[PDB]
Structure formats: C-alpha cells, structure tokens
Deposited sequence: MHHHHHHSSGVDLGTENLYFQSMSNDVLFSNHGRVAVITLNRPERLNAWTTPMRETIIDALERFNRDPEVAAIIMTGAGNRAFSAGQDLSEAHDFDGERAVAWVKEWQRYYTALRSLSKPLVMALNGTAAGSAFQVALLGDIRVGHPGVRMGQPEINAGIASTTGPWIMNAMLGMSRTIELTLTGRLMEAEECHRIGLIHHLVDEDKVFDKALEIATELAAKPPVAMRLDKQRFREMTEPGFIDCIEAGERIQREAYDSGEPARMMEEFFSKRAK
C-alpha cells in the first residue's frame, strides 16, 4: 500500500508496507508512477513530499519477493516541474537510496542510514554510481559501491546528501516547511530550474540506462 494525502497545496506520498520495511513491489511502483504524473499537472499541487511509514525505514529497496519499468519510475521522478521533498523517516537502501537522491531536497534524522548494498547480493550497479558520482565524485562513489556500506546520517549530511538533520519526530514538519517554502517560489522559474537540472544530467542518465541493459 502507498498512502496519498495533501497538506494544503503539498501532496504527500507515504510508503506503507511497514512490516516489509516499505520495500518496493511492482504494484506500489505502478501506483506511485501514476500519482507522480497527476501531481505534475494538478493545479491544487505546488509541491510533493515522499516519506515512509513507521520508524525503521524510508524504504529497504526491492522486496526480496524489468530494468525498463524501473527506468520508467526514475523518469517520472526526473520529469517533475514541481519540487519534490524526501522526508526520510529512516534508512534508504538500494533502489530506495536512488529514489531518495532523485528528490530535490532531503530531510532526515540521526538514525537515518543511506547506501547501496547491492554488491553483497551479487548485483552489479549502474544507476547508483551515476547518481552518487554526480553528487559526490568518484572517490566516495567507488568506496560506497564496492563496500556496499550504509552511511550514518551525520556522514550523509556532512557530504551534502542530507540537507537537514532534525529530531526524528520533526522530520515530517521540517519536510512540510521546506515544501511549503518551495511551493511559494515563482512557478515558471521553478519549472525552468528543474528542467535545467534534468538537461544537465540527462546524458549521464541515458548512458547508465543503456549500460544497464548491457551490464
């Protein structure tokens, strides 16, 4: 399940499979994709928050019970013309780490861990390294990718992945306050700014999609 709500002109997506640490299934992604495509044209909606249920995980990534449907999710996140805030209520690992990094702004709390443990399951990584490098450069990215380690919140914040660290019980309010502030920016400049970020990163995104079929 995924929940949808609004807080004034801010649409909220809550990942809601807490007993599976909000791990992704294909129907959850299909629903989130549709919602992302609506919020984007929807006039009630000036910004978007994604968050997870409970206090253990934003999302653990793939339910341990194709590369194209994933590309369709990444593409729907990259297409937004409106600001997207990640309210990290806990750990974001694997494909959830990637989704979190496709948000505009990240807020977490001190128990949030982030990273990409795919190598330990024998999965070769293409999307993660692209996105991590575009934010961190090749030295952090290589170590993160080959170790598969989860970084603590403080490290995430210090290297620029988490923009705000607050008390666990304030994560959502801080996320709302940021989303509200970004909702107030002039919409044309917002859309054009976001389109510009997309264009700057598009060749690298295409490259790692194509590297993904192959590899």
{"query": "Missing residue ranges, deposited sequence indexing starting at 1", "finding": "1-25, 91-102, 253-275"}
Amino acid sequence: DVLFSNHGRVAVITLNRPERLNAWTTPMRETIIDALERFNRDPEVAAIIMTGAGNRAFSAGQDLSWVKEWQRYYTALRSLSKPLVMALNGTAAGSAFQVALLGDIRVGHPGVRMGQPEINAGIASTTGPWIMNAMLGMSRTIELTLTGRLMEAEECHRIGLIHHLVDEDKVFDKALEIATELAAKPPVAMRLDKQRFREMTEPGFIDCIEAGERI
From here on, numbers count along this sequence of modelled residues.
{"item": "115-123 versus 137-145 - greater average Cα B-factor per the deposited record", "value": "115-123"}
{"item": "Residue stretch of maximal mean CA temperature factor, 206-214 vs 3-11", "value": "206-214"}
{"item": "From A175, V166, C156, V45, residue of greatest CA B-factor", "value": "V45"}
{"item": "CA B-factor ranking of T201, expressed as a third of its chain", "value": "lowest"}
{"item": "For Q71, the third of its chain into which the C-alpha B factor falls", "value": "highest"}
{"item": "Relative C-alpha B-factor of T51, binned into the chain's lowest, middle or highest third", "value": "lowest"}
{"item": "Chain thirds of CA B-factor: placement of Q98", "value": "lowest"}
{"item": "Modelled-residue ranking by C-alpha temperature factor, third containing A179", "value": "lowest"}
